[PDB]
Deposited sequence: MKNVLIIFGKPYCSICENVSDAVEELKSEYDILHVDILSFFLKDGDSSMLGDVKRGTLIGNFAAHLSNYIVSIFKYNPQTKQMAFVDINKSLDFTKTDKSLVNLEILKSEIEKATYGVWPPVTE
C-alpha cells in the first residue's frame, strides 16, 4: 500500500503550488493530500510593538509556509520531511524546487509514533 505525503501550505499561491507540482511527479510512489492553511493571526501582544512594515512582512511570509509529512497507513507511523535543502525561494519557476533532492529527503525521512 502506498504511503501518504501530506502537504501543508496556503492555497492559491505560487510556492505551495510549485511544491505540489513537483510532488505530483512522485504519484506512482505516494498518495498525496493537501491541507490548506486558511487563516493567520499576528498575536495581539506582538501587534503592540522600525515600522510595522515588518508586520506586513511577517504576513507576507505566510506565502512561504510549506511543510511535508510522510504517513504510513499500514504501520500508522509518521515522518517529518526535511525539505529546506531542495528549496530556493530566490527563484521564480520550476527551479524553486529541485525534485531529485526533494525525492531523496522524502525517502530518507524516518518514521515514529509521536504521542
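Numbered from the first deposited residue, the unresolved ranges run 50 to 54, 121 to 124.
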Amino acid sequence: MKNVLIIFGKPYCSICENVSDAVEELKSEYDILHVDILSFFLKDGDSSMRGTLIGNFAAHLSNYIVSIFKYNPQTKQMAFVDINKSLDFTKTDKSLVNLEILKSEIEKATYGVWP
From here on, numbers count along this sequence of modelled residues.
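Just going by the entry, 50 to 58 versus 68 to 76 on mean CA temperature factor gives the higher value to 50 to 58. Among the modelled residues of the chain, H34 sits in the lowest third by CA temperature factor in this PDB entry. Per-chain ranking of the deposited C-alpha B factor places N63 in the lowest third. Among all modelled residues in this chain, the alpha-carbon of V97 has a temperature factor (C-alpha) in the highest third. Ranked by C-alpha B-factor against the other modelled residues of its chain, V19 falls in the middle third.
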